[PDB]
Amino acid sequence: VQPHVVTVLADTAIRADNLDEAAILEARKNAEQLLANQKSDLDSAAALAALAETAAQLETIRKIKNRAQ
Amino acid sequence: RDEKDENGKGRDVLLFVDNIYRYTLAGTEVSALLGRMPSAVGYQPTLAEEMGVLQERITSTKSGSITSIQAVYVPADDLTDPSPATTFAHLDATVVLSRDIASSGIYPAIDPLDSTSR
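- cryo-EM is the method the PDB entry states for this structure, with the resolution given as 3 Å.

This is the structure we're talking about:
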């Protein structure tokens, strides 16, 4: 603090409506954990299954292009 | 092959045939005018019999031996076509060439996943 400028630095800071903030920060923790879990699920489902399923079977058709039966 | 000499043994023979497929093609060209009915994709009904009649003569017996090399044409790059498919069973070693290897600048364009030998 000094007469022209005032600045206070804090490692962890939030509006202290109560003497504790764990009950408020737990909501953010739940949101972050849920977003991470859903993002992992979405990435896995969108990529791993789908791309492998598309790449599963393509050569049995390419090998028979010139067939006349 | 079956030639002997007085106090002289036999001789080994090498035989080279170029495009044995033209024999069956010429057989095809006259099948309809002889009065037959076509089969498969426009082929004559006696393809296998007249291939085997010729193929069973190119062989080595107790009296003399023959080593032969033949070139087989594959129409329209289709290994499933009846003529090469029928021909496949008359040989001991089969070498298969592929256009995909040839178009990449690799010579000789021999396919290593389709060439077998007894």
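## Overview of helix α2 (residues 47-55) of chain B
- Of the positions making up α2(B), those classed as buried are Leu47(B), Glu50(B), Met51(B), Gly52(B) and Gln55(B).
- Next to the buried residues of α2(B) lie α1 (21-29), β2 (66-70) and α3 (82-87) of chain B.

## Regarding empty space enclosed by the protein
- In the structure shown here, the tally under the stated rule is one cavity of 30 Å³ or more.
- The calculated volume of the largest cavity comes to roughly 50 Å³.
- In terms of residue class, the lining of the largest cavity is built from six nonpolar, four polar and no charged.

## Comments concerning the layout of surface pockets
- Approximately 1800 Å³ is the volume attributed to the largest pocket.
- The wall of the largest pocket is formed by 42 residues, among which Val74(B), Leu79(B), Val95(B), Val96(B) and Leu97(B) lie closest to the centre.
- Elements with a contribution of two residues or more to the lining of the largest pocket: α2 (59-62) of chain A together with β2, α3, β3 (93-94) and α4 (99-102) of chain B.
- Here the lining of the largest pocket takes five residues from β2(B), the largest share from any one element.

Rules behind the numbers
- Residues numbered from 1 in each chain as written, not as in the entry; some residues may be left out.
- Chains lettered and ligands numbered in written order.
- Part of a larger assembly, values for the part shown.
- Heavy atoms only, no water.
- Buried < 20%, exposed > 50% of the residue type's maximum accessible area, 1.4 Å probe, protein only.
- Helix = DSSP H or I, 4+ residues; strand = E, 2+ residues; numbered from the N terminus.
- Contact = heavy atoms within 4.5 Å.
- 1 Å grid on protein atoms, 1.4 Å probe; cavity = no way out; pocket = protein on both sides within 12 Å on 5 of 7 lines; lining within 4 Å.
- Points joined across faces, edges and corners; volume = space filled by probe spheres on them.
- Nonpolar A, V, L, I, M, F, W, Y, C, P; charged D, E, K, R; others polar.

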